[PDB]
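So this first bit is one chain, no partners, the form deposited in one PDB entry, shown in structure tokens.
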């Protein structure tokens, strides 16, 4: 048996794989930061009719170690069909078991979104009516940060922004973007016709290509948490954010959605700008409308989430808060679970790429309903 992670988004350190009943592995810290939680590795040469038992020995020292409870690892024999495996968490770490039907299998913290798939997503987007690559930024390591614009009418007046995966380990984020973009291929989509008559979409499928490729969880190549870099961005340390901010200054913003994934909470939720000094009655109302409409259409709830910010106590270094206040627009962080969306249990897969894609499509329906109220 051999274990490796020498591929896009791979992350693992092999401790000892000599005994199938006691496979010991360790998660690797981010390129330039102590954070870690995301893991992705491949196993080959496994013996048939043999139970294999894995342990991520340093799970207890991960960035969000409390989030391991209730979490089931994801696996795949072909890289296309992903399924959850029996998992437990204790002082020795995260454990999971599988009696593989095949000699090779891969495991990951979430269904991975490769940079190769990303290129295909962009390729597909550019083949869609009204879609153009408006601008392209460059990451610390030279990778592209495409900003796509969906514009089908020269007289639209609203700019709706959606960016994803600032935190590289939250792969559900780009899956959400794939679903959103793929919906644009539909003929006779009445809701989208209405939306695009009044608005243009500004999309960034992946905000941290370096981190994703390298299997990071939280930071870009330089070790910066991009979602804490908005108040003081740097063309050198956080070029990904510097880029988006420059483009926002050029075009304007009337709506902002920052797509993320949360390790702990087993529910899809959205966090707003209630702590912003600029949190006006207008924005408070729009936040209610957004949640009300999305809850009626997609896998989304309003009971569970992050503790709200006291009036005026928001951290303006976070994208949602920064963009919302700078542009006086409706702004949310959309958070999808690494576990399952417990309101609609599907244990075999837990939250998945497919469900992330669907949420992207349901969010589009929600935007179509609110477009007349954004300004």
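Residue numbers count along the first chain shown, from 1.
Just going by the entry, 220-228 versus 87-95 on mean CA temperature factor gives the higher value to 87-95. The PDB entry records a higher mean C-alpha B factor for 309-317 than for its counterpart among 30-38 and 309-317. Highest C-alpha temperature factor among 244, 294, 173, 196, as the PDB entry reports it: 196.
In the PDB entry, the Cα temperature factor peaks, among 272, 266, 79, 281, at 79. Residue 356 sits in the lowest third of its chain by CA B factor, as recorded in the PDB entry. Annotation for residue 117: C-alpha temperature factor in the middle third relative to the rest of the modelled chain, per the entry. Sort the chain's modelled residues by C-alpha temperature factor and residue 9 lands in the lowest third, per the entry.
Looking at the C-alpha B-factors along this chain, the one for residue 238 belongs to the lowest third. Residue-level temperature factors show residue 50 in the highest third of its chain, judged at the C-alpha atom.
Omitted from view is the form deposited with a small molecule bound, to which the following refers.
Note on contacts: among 46, 63, 57, 318, the single residue with a heavy atom within 4.5 Å of the small molecule in the entry with it bound is 318. None of 84, 267, 118, 260 but one reaches within 4.5 angstroms of the small molecule in the entry with it bound through a heavy atom, and that residue is 260.
Remark: residue 335 counts among the residues lining the small molecule in the entry with it bound, judged by a heavy atom distance of 4.5 Å or less.
Contact check for residue 218: a heavy atom falls within 4.5 Å of the small molecule in the entry with it bound. Although the partner is absent here, residue 228 is a contact residue: one of its heavy atoms lies within 4.5 angstroms of the small molecule in the entry with it bound. The small molecule is not shown here, but in the entry with it bound it comes within 4.5 Å of a heavy atom of residue 170. The chain is drawn here without the small molecule; in the entry with it bound, the stretch among 184-192, 72-80, 142-150, 220-228 whose residues come within 4.5 Å of it by any heavy atom is 220-228.
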